[PDB]
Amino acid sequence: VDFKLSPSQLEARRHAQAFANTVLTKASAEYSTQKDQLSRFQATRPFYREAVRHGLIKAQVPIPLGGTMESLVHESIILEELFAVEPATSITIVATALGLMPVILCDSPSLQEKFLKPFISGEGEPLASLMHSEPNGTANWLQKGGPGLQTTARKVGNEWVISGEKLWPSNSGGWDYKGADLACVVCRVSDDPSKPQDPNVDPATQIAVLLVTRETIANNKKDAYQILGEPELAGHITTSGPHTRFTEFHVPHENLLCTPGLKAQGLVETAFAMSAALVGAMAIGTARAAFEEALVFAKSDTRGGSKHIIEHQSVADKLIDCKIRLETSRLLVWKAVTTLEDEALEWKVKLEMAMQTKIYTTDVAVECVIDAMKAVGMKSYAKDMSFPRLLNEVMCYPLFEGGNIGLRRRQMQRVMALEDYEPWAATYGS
């Protein structure tokens, strides 16, 4: 046990720091004049282009597979620094890394080689998307007896036909609504999309993931793929996770990521449990910019009295608590990622640790922005301070990458319920 950072870990951080200040700081002058969600997301392209030009997309892909990813701790340190300054574009890198996951994670070197190609290249503006989420929601997608997913696939010849709607998956229609360079569309296999799911089949056995690229979309009727809309979001106002209708959408059997069933759900599960751990780095960075603006203010403004605000017990108390949450949070994300990475542990041990991390860090970052604001007082509520932005931004986190109430709390409840559950396995082994 050791918490020291190697020189490569410190360079990643200097690097992510330098990119956030020199490039990210300028994003806002471009997007803030834009009209609606997409205009703002599009005003973001030059900065994501830089992100690739700085090698940050290549760093989403492990070295065995062509990329420059050194570890998940490196990745945790980079996201925290990025989010600490500007979640525009930074959010696009992460959506893209999530998009690449189920490939990154498969049995097929040829799929890996085929699909990872534009991201590991160092040029353009390539975008991935794990399209799981729907208009009718997903907390119960694996429930025996229930509607299951409403994006369905049937096999017609040597292709697959997709029928169904998706909502929220970031990046999913690219910069232009012609689609994203790669997108892993998660489906339920239904021969007849007019049939309810069979209440007697395990929903997990019917999962299929089907890659879909700008090519697939194009080799298809102009209306087999339409963008019905784009949510106007409370914060993260430069992201795109549109409403997408699939109508008789043809995709080649070669684009099938793995056997449908338990193996396809495994990859979606594993992808999502990784992003669950990494997302705490996003919360950390946001709440960290809250606390740091609050700290600098409290150490330099006396608010009409004789001493700096930090000298009031109640002010220091709010700051102490933010600090505590940030520190315990970080420790937990690093603990989580390192546990994911450890080949000796069973999956369910790694999954329990990831759910904890997602739940704790996202919940606690909310508390941390709000205490920061409360300590600054009325000033924190005017837009010449970061706080109105941070507050909207920070509320995404318990909600997204699978909300705490619906998904992550249940996934951890299921694991704890198991006969052979070991609460301390990630620490004390066995």
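The first residue of the sequence shown is number 1, and the count goes up from there.
- As the entry records it, the average C-alpha temperature factor is higher for 216-224, out of 70-78 and 216-224.
- On average the C-alpha atoms of 40-48 have higher B-factors than those of the other stretch, with 366-374 and 40-48 being the two compared.
- Per the PDB record, 257 has a higher Cα B-factor than any other of 257, 296, 282, 315.
- Which of 302, 356, 329, 247 has the largest Cα B-factor in the deposited entry comes down to 247.
- In this PDB entry, the Cα temperature factor of residue 291 sits in the bottom third of its chain's modelled residues, the lowest group.
- Among the modelled residues of the chain, residue 424 sits in the lowest third by CA temperature factor in this PDB entry.
- Ranked within its chain, residue 209 lands in the middle third, by CA B factor from the PDB record.
- In the deposited entry, the Cα temperature factor of residue 141 places it in the lowest third of its chain's modelled residues.
- For residue 156, the recorded CA temperature factor ranks within the highest third of the chain's modelled residues.
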